[PDB]
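Architecture at a glance
Spelled out from the first residue to the last, the chains are:
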Amino acid sequence: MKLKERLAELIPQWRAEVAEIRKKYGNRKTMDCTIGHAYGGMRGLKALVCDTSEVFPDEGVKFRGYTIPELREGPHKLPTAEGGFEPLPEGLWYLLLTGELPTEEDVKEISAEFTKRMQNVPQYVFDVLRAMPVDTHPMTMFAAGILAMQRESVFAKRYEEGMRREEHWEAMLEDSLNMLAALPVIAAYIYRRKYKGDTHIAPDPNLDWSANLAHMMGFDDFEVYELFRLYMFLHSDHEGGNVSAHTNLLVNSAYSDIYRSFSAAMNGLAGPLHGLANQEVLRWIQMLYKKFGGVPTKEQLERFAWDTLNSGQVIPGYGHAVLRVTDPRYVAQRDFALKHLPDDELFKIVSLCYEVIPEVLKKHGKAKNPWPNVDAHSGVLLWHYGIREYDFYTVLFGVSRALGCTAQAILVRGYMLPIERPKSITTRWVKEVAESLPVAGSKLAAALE
Amino acid sequence: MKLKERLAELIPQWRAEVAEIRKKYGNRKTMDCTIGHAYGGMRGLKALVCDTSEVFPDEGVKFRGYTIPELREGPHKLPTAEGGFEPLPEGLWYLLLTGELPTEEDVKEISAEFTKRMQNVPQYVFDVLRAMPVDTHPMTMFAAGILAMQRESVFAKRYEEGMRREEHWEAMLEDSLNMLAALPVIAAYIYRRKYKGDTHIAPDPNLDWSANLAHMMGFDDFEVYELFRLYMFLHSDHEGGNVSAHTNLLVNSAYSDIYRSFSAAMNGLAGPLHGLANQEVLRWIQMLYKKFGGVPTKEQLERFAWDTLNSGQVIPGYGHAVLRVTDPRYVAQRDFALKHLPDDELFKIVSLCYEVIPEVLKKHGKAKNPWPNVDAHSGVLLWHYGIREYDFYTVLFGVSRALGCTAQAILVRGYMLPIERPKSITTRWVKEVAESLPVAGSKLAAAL
Ligand SMILES: CC(C)(COP(=O)(O)OP(=O)(O)OC[C@H]1O[C@@H](n2cnc3c(N)ncnc32)[C@H](O)[C@@H]1OP(=O)(O)O)[C@@H](O)C(=O)NCCC(=O)NCCS
Ligand SMILES: O=C([O-])CC(=O)C(=O)O
Ligand SMILES: O=C([O-])CC(=O)C(=O)O
């Protein structure tokens, strides 16, 4: 398989580069660590490595250096489905791992690997899923199915057998192919059992990864196939620091296999502060429609935007801290909506927000970012095509994010990064030692080296 | 319950006291964050808060300021079981939570709480356990059983209904009581199904928590009850930065409940670099035994030590990623072994390792810590009383670690710490800017 032959060349090299960097640049200072970091969820602390993707304040997220437009439309457009426009997540995955753009042949090889392996979900995984009460939250069901599949781990087996650290990345790759193939099967099972009368649809062997998930969920429509292709591409990866990504690396760093690390990641994504943003934006859009008996006027949205901001509150999916432009994941969803569902009423509200909400934020003068993120746009696309089960939105997110989490876990075992073991501190020590400590970026701080 | 009354007063205080520290002292610097930290698993980086315990390199772990000798033997001895010496983990949990030594009454109230709620493991949790193939790794089964019981989460439910941030710690304690009560039941089920012909033994309502685990595994001797008590006491907690404690805090920080954060932690504990040490040591000790036709001499082991080191191998059970002298968890086990099984052959090798192996590892000079950790001692004890199922040792570890993980997660939801979200950096950036960056502790850093 092309991907694997290539990685067999790239990874020894990267491994050697990282060993040198660590040796020659390890004592290089990047920032001050503070009391506020320790009590403040490490916000801003550069404590982690991720090479798959990278957020730039002025451009948004990039995937191995390429922008979304380059891959979606521009001169480096990733392969599509036949007749398709949207990039195949399969191709992105080739990109995230190798840093090179795939050939049509490269994508086809990965599609075949995915389709084949999708037929190989153990029967016992379904037994595990049916044993859970049907009212269990779907993200609990999703994490449990994944974890039960740990029995098939090639990594865990070869580790018990004795393998060289140099083989880690290969076992991780095999496990990743298996797991990613399985994910839309496990997710669809959950969807069907919970929401569609416990009728089960087999994988179509002539559909790509993304399309098989819509199909098995019971949505056979070309637009849906495209939406899901775009969705999975967009939400694939967003650095290493978000809870789900970090959970994955953290558990990976102890040599736990991908079924253990990613299911752990999903218990993190299941958290209300991490995995619910899409849903809240959608519920808000729906609350605007019902409030104004329809799409509001330009004037009503401004007034309801001013009331909300002036009353201490925020507008969901707008004005996150980091970026200084519109999230390029937002832009690609807008372009999908305009093309495919422009007259949908909830879309019209989101559209109206893109005009109105940035103007009111600039005039309100607090947020250096007046622009939306990805979660502003995703919920209405799902609801339009009939995916209306809020709780399940996080599962779709989860299936996407596996692309990035698997890429990253393959890479860092290729690099042989060590176990994550930070130092914790006590409130006692802080209180004993606080006064004694220099303020950061201060003359005293400069004094103490 | 005394515990909860006590927390109902202490938590609003600590919460106010933490908010004060973040405001007043947040911008105080502790250390240089370096490129090394990012590529080196954050080793040394002060990125986390934990008040349950603290590892002092030249003293070892302390539990709310109290040493292991203080709590087990010396001037602050925690409640034991009727007729017992070894401290009950129920009382240590009280300590961890409140910062205060419990009475007999305090401890008894918690035992009773564990014992009652131990009857309340849902039938569907056993359905899930039985749907996994019996050859599944025990730590996968454990994590999965815990995770299935997320459906009974009080915290997740109260969060959906709308609850005040102040109510969080209450819903976390409730969930923790339920989950701690269930773990011995889930673990014993795994044990009996995997290794003991799938015959199952019910909780005994008149035993304490640790002893019930032993009972439900099929071990009823008093000395085993005592071992489990000690074992659970020693493995309870070890700061906030080990992979299992950290995974628990991380997942907890996004408001995921203790069934989610602790099952995530167990997946981390399942990792060879975190949860496997006890077994490696036992195998190694048994390998010496077989090799020397019994207990070696000082000379034989001294030689063997050197030949292992100079062949680029690890001496398992010695050295740590933070500890710097003898692990006081090791000394507690040695005491137990001298007291209860001084003539066990494998123990005698462990003992002999204690004399010889430190001095050897000093001279070799690669190990930063030349002394033994806790995993040097735990295996021979388990093996001696007939717990011989290597892979299951990590589950025992996990049951015990739940004590600290639940304590930490209750407290932090009391303090209202926010989501954990560090920044990742790229190799590309590092290659772009590294030369231009100041060396940590330089004149250039002092100017910048
Ligand atoms: C716990 C442990 C993993 C910590 O590793 P660490 O933080 O990298 O350790 P150090 O800072 O002491 O490493 C410095 C050197 O000492 C070596 N070292 C430490 N203890 C050693 C031992 N018992 N035998 C051989 N070499 C040892 C390391 O391999 C390293 O050499 P390297 O640069 O060639 O890799 C390590 O002590 C170990 O492997 N112990 C044996 C297994 C064990 O008992 N684990 C239980 C841990 S709870
Ligand atoms: O929090 C982050 O860094 C990124 C993220 O989760 C998201 O895109 O939803
Ligand atoms: O703290 C560590 O790094 C490992 C350990 O001993 C423990 O978790 O008990």
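Residues numbered from 1 in each chain as written, not as in the entry; some residues may be left out. Chains lettered and ligands numbered in written order. Heavy atoms only, no water. Residues with missing side-chain atoms left out of burial classes, pairs and counts.

**Some remarks on the UniProt feature "active site" in chain B**
Residue and element names in this part refer to chain B. Quick reminder of the rule: UniProt positions are given in the numbering used here, feature names are shortened, and annotations may be inferred rather than shown by experiment. Numbered from the N terminus, helices here are DSSP runs of H or I no shorter than four residues, and strands are runs of E no shorter than two. Buried, partly exposed and exposed residues are distinguished by accessible area as a fraction of the type maximum, computed with a 1.4 Å probe on protein chains only: under 20%, between the cut-offs, and over 50%, respectively. Throughout, a residue-residue contact means that at least one pair of heavy atoms, one from each residue, lies within 4.5 Å. What qualifies as a polar contact is a pair of N or O atoms within 3.5 Å, subject to a donor-acceptor requirement within protein and to the restriction that residues adjacent in sequence count only when both atoms come from side chains.
The positions UniProt marks with the feature "active site" are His274, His320 and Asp375. Spanning 102 residues, the annotated positions come together in the fold, the maximum distance between their C-alpha atoms being 11.5 Å. Take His320: it is sitting in the loop between α16 (298–309) and α17 (328–340). Taking the relative accessible area as the measure of exposure, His320 reaches 25% and is therefore partly exposed. Once you skip the residues sitting within four places of it in the chain, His320 turns out to touch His238 and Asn369. A distance of 3.3 Å separates a polar side-chain atom of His320 from the backbone nitrogen of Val322. Counting through the fold element by element, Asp375 comes out in helix α19 (residues 375–384). On the basis of relative accessible area, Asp375 is assigned to the buried category, the value being 14%. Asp375 has contacts with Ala277, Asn278 and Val281, leaving out every residue within four places of it along the chain.

**Observations regarding the environment of A:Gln286**
Residues and elements named next belong to chain A. Relative to the helices and strands, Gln286 is located in helix α15 (residues 277–291). The exposure class of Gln286 is buried, given its relative accessible area of 18%. Distance from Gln286 to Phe392, taken between C-alpha atoms, is 18 Å for residues 106 residues apart in sequence. If we ignore the near neighbours within four places in the chain, the residues touching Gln286 are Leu346, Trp383 and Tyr390.

**Considerations on the site of ligand 1**
Residues and elements named next belong to chain B. Heads up, the rule is: Summary of the distance rule: residues count as near a molecule or strand when at least one heavy atom falls within 4 Å of that molecule or strand. Charged means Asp, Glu, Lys or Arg here, nonpolar means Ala, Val, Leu, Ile, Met, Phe, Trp, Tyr, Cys or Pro, and polar covers whatever is left, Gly included.
Around ligand 1, the surrounding shell holds 16 residues, and the nearest of these are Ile315, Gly317, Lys366, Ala367 and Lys368. Within the backbone of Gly319, one N or O atom sits 3.4 Å away from an oxygen atom of ligand 1. For ligand 1, an oxygen atom lies 3.1 Å from a polar atom in the backbone of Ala367. For the shell around ligand 1, the residue count by class is 8 nonpolar, 5 polar and 3 charged.

**Re the packing of aromatic side chains**
Inclusion rule: In summary, the pairing rule links any two rings of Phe, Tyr or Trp, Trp by its six-membered ring, whose centres are within 6.5 Å, and it sorts them by plane angle into stacked for under 30 degrees, edge-to-face for over 60 and tilted for everything else. Whether a charge lies above a ring is judged from NZ of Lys or CZ of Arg, which has to be within 6 Å of the ring centre and within 35 degrees of the ring normal.
The final tally for this structure, using the stated rule, is 29 aromatic pairs over all chains. On the basis of an interplanar angle of 65° and a centroid distance of 5.7 Å, the ring pair of B:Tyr159 and B:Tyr255 is categorised as edge-to-face. Of this pair, B:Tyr159 sits in helix α8 (residues 154–161) while B:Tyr255 is found in the loop between α12 (243–252) and α13 (258–269), placing the two residues 96 residues apart along the sequence. The exposure class assigned to B:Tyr159 is partly exposed, which follows from its relative accessible area of 30%. With centroids separated by 5.6 Å and ring planes inclined at 35°, the aromatic side chains of B:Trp383 and B:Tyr390 adopt a geometry described as tilted. The same class applies to B:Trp383 as to B:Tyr390, namely buried. Pairwise contacts between aromatic rings join A:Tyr191, A:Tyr195, A:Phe219 and A:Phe392 into one cluster. Positioned above the aromatic ring of B:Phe56 is the side chain of B:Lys62, whose terminal nitrogen or guanidinium carbon lies 4.7 Å from the ring centre. Positioned over the ring face of B:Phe85 is B:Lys77, at 3.7 Å from the centre of the ring.

**Details of the UniProt feature "active site" in chain A**
Here the UniProt-annotated "active site" positions come out as A:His274, A:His320 and A:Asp375. As for its position among the elements, A:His274 is in helix α14 (residues 272–275). On the basis of relative accessible area, A:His274 is assigned to the buried category, the value being 13%. With residues up to four places along the chain from it excluded, the contact list for A:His274 reads A:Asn242, A:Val243, A:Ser244, A:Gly268, A:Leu269, A:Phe397 and B:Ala254.

**A closer look at the interface of chain B and chain A**
To keep it simple, the criterion reads: Here's the idea: put two parts together, see how much 1.4 Å probe accessible area each one loses, and the total over both is what we call buried area. Should a side-chain nitrogen of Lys or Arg be within 4 Å of a carboxyl oxygen of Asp or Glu, the pair is scored as a salt bridge. We treat two strands as partners when DSSP finds at least two bridges between them.
Contact residues are listed per partner, giving 103 residues for chain B and 102 residues for chain A. Both sides of the chain B and chain A interface together cover about 9800 Å² of buried area, and 60% of this is carbon and sulfur. Three residues stand out in chain B for area buried against chain A, namely B:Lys29, B:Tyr39 and B:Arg421, and they jointly supply 8% of the buried area on that side. Connecting chain B to chain A are 9 salt bridges. Among the ionic pairs, A:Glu239 bridges to B:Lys423, the shortest N-O distance being 3.1 Å. Our enumeration of links across chain B and chain A arrives at 62 residue pairs in polar contact. When the residues that make up the side of chain B that touches chain A are grouped by side-chain class, the tally is 50 nonpolar, 32 polar and 21 charged. Note that strand β2 (residues 46–49) of chain A and strand β5 (residues 423–425) of chain B share 3 bridges and pair parallel. Note that in β5(B) the partner of A:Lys46 across the bridge is B:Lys423.

**Here we look at the site of ligand 3**
Short version of the rule: With residues, only the protein chains shown are counted as cover, and all accessible areas are computed by Shrake-Rupley using a 1.4 Å probe.
As a structural note, the neighbourhood of ligand 3 is formed by A:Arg421, B:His238, B:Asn242, B:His274, B:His320, B:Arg329, B:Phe397 and B:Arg401. Chains contributing residues to the immediate surroundings of ligand 3 are chains A and B. At 3.1 Å, a side-chain N or O of B:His320 approaches an oxygen atom of ligand 3. Bound to the protein, ligand 3 loses 88% of the 260 Å² it would expose on its own. Residue classes in the shell around ligand 3 are distributed as 1 nonpolar, 4 polar and 3 charged.

**So, the domain arrangement of chain B**
All names here are of chain B. Our working definition: Delimitation of the domains relies on an automatic or database domain assignment.
Once the domains are mapped, chain B shows domain 1 (1–26 + 34–274 + 389–424) and domain 2 (277–384). Centre-to-centre separation of domain 1 and domain 2, based on C-alpha positions: 28 Å. Contacts between the two partners involve 27 residues from domain 1 and, on the opposite side, 26 residues from domain 2. Together domain 1 and domain 2 conceal approximately 2400 Å² of surface at their shared face, both sides included; 64% is due to carbon and sulfur atoms. Of all residues in domain 1, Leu227, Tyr390 and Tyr393 give up the largest surface area on contact with domain 2, accounting jointly for 28% of the area buried on that side. In this assembly, domain 1 and domain 2 are joined by 1 salt bridge. A salt bridge links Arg72 to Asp335, with the shortest nitrogen-to-oxygen separation between them at 3.1 Å. Our count for the domain 1 to domain 2 interface comes out at 7 residue pairs in polar contact. Elements with a minimum of two residues in the side of domain 1 that touches domain 2: β4 (60–63), α3 (68–72), α11 (222–235) and α20 (393–415). Per-element accounting of the side of domain 1 that touches domain 2 gives the leading share, 7 residues, to α11. Taken together, the residues of the side of domain 1 that touches domain 2 sort by class into 13 nonpolar, 4 polar and 10 charged.

**Describing the state of the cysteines**
One covalent bond between the sulfur atoms of two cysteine residues makes up a disulfide. As a reminder of what qualifies: When the sulfur atoms of two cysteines come within 2.5 Å, that pair is taken as a disulfide.
Considering all chains together, one arrives at 0 disulfides over all chains under this definition. For A:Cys405, which is in no disulfide, the shortest distance to another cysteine sulfur is to A:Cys50 and amounts to 9.5 Å.

**Comments concerning the pattern of salt bridges**
All names here are of chain A. For the structure on display, the rule yields 51 salt bridges over all chains. Across the pair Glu100 and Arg6 runs a salt bridge, and its minimum N-O distance is 2.8 Å. Of this pair, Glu100 sits in the loop between α4 (89–98) and α5 (104–117) while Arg6 sits in helix α1 (residues 2–24), and the two are 94 residues apart along the sequence. Residue class for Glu100 comes out partly exposed when judged on its relative accessible area of 26%. With a closest N to O distance of 3.0 Å, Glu86 and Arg72 form a salt bridge. Note that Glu86 is positioned in the loop between α3 (68–72) and α4 and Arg72 in helix α3, a separation of 14 residues in sequence. Neither residue differs from the other here; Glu86 and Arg72 are each classed as buried.

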